[PDB]
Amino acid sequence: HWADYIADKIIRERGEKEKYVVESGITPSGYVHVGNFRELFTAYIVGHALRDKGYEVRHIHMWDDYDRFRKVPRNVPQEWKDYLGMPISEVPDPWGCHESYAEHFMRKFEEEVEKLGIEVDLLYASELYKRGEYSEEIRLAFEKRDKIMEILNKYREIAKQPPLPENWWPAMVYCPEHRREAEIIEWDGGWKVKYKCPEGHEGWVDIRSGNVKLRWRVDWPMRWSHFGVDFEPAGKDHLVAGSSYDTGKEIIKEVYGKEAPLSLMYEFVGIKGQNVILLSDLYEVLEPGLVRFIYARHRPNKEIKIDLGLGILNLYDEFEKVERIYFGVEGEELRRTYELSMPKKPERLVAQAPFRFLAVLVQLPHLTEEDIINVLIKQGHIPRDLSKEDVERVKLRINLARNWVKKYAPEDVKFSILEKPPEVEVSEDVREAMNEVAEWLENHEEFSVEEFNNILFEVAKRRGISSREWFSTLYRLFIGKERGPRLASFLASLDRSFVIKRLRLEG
């Protein structure tokens, strides 16, 4: 919904146009994470609602792969200090799998975004620059140098930070002979700039080539001008008083005679109980649709803390419930959230096997993917008639539950069936109650879990047995623990004669 708002605020603020332009951008200096993805998603959701009003939109995702190589992350060979100063799109790939350093991190992210079904126009600074797509706007930068410096000192002073150095140029240079950054020394009134290469050297370079890059403060608003960016969310750090945005909101005006696009602050994203987290990490246990929904369910300035542990079970339940309400297959605002989280138009409900139950079924080794699917059918969680998408969705989720149990689930919920019963105190009352449950199971090949579960309380009530004594005993005889999986659906999933013989304390 907050995306529809900002949509109204965009049709209002900006004039009513034919096609709008939304933008997101990242520097591939390392692994683009779950926090960076929030920016692209925010641009996509607003762009999505914009189409929901009949307008047309272009979502530009800009890769600042032309930024210099400042620092060497962890896991990246230390022997790569030699490439600092070079643009990332020309720095080698530490692992060899790709052409550049920037490519390794860009490919991973673009692939992670596809599985989410989110479409965008990927642009590369390195290509736009080289092609001279920025020749003109770059010259203006030099033509309005004093103006730019004026603006940056205007804000630097509010924060009592010292003014820009006297011989400051709004752009840098990449030495053609060594490709490392270099301070610009001189300029004309058109093209050509002189630079003083680090160490010992001098030289001239033509702006019309691609070795004259606009420093970020100018480089951003120029970009908003070149393309017609109408909306572009950004990190808190760029929206702080005299930061990127405020300083660009002026440069684009006083230099490119344009109004800056509207913006929005998106907050932090992480996992509970907690070293970078990528979309790949969430994929190990979260369906792509779930990921999308999680980002559409929060307000931009409320941080997202995903519980990949025990709280993942209620996550799926709430998600499933909303999907059911959306298709009316179950008894208002969440409704539009479901639409906005989906890149494509909602087709129909797809078989939903309760995550918490797969976590249980997946811990019974004598069960194949087929067996699991069949259990789900008998206990009626998924229709008997499964489409292609349905079996495709249930199989993936089964794998997601198997992954969650191995790596994210707390130790408490792990269990294993005891092939033989343990020696445990069992009162005459419980004994007779288990005998009644076994008889009911022996005379009822078929039944619904819901009723089986009612029968389990009935027998306990008739004999006068508390919950802790009743359930902790059944859990102990079956899995050797005091607590365990929801009882009714658990027992129904096991070999029937195994449950009967165990209840009868004879096997």
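Counting begins at 1, following the sequence as shown.
Residue 275 preceded by how many uncoordinated deposited residues after residue 274: Unmodelled stretch: 4 to 9 residues.
Between residue 331 and residue 332 - deposited residues without coordinates, as a size class: Gap between residue 331 and residue 332: 4 to 9 unmodelled residues.
Of 77-85 and 366-374, the one with larger mean CA B-factor: The entry gives the higher C-alpha B-factor average to 77-85.
Higher-B stretch (mean Cα B-factor, as the entry records it), 354-362 or 154-162: The stretch with the larger average C-alpha B-factor is 154-162.
Options 148, 193, 417, 282 - largest CA temperature factor per the record: So the option with the highest C-alpha B-factor is 193.
Top Cα B factor in the deposited entry, candidates 407, 381, 104, 258: Answer, based on the entry's C-alpha B-factors: 258.
Record-listed C-alpha B factor of residue 435: chain third: Ranked within chain, residue 435 CA B lands in the lowest tercile.
Residue 387 - Cα temperature factor, lowest/middle/highest third of chain: CA B-factor rank for residue 387: highest third.
CA B-factor placement of residue 52, once the chain's modelled residues are sorted into thirds: Highest third - that is where residue 52 ends up once the chain's C-alpha B-factors are sorted.
Entry-reported Cα temperature factor of residue 316, expressed as the chain third it lands in: It falls in the bottom third of the chain.
Ranked C-alpha temperature factor of residue 236 among modelled chain residues, by third: For residue 236, the deposited C-alpha B-factor lands in the middle third.
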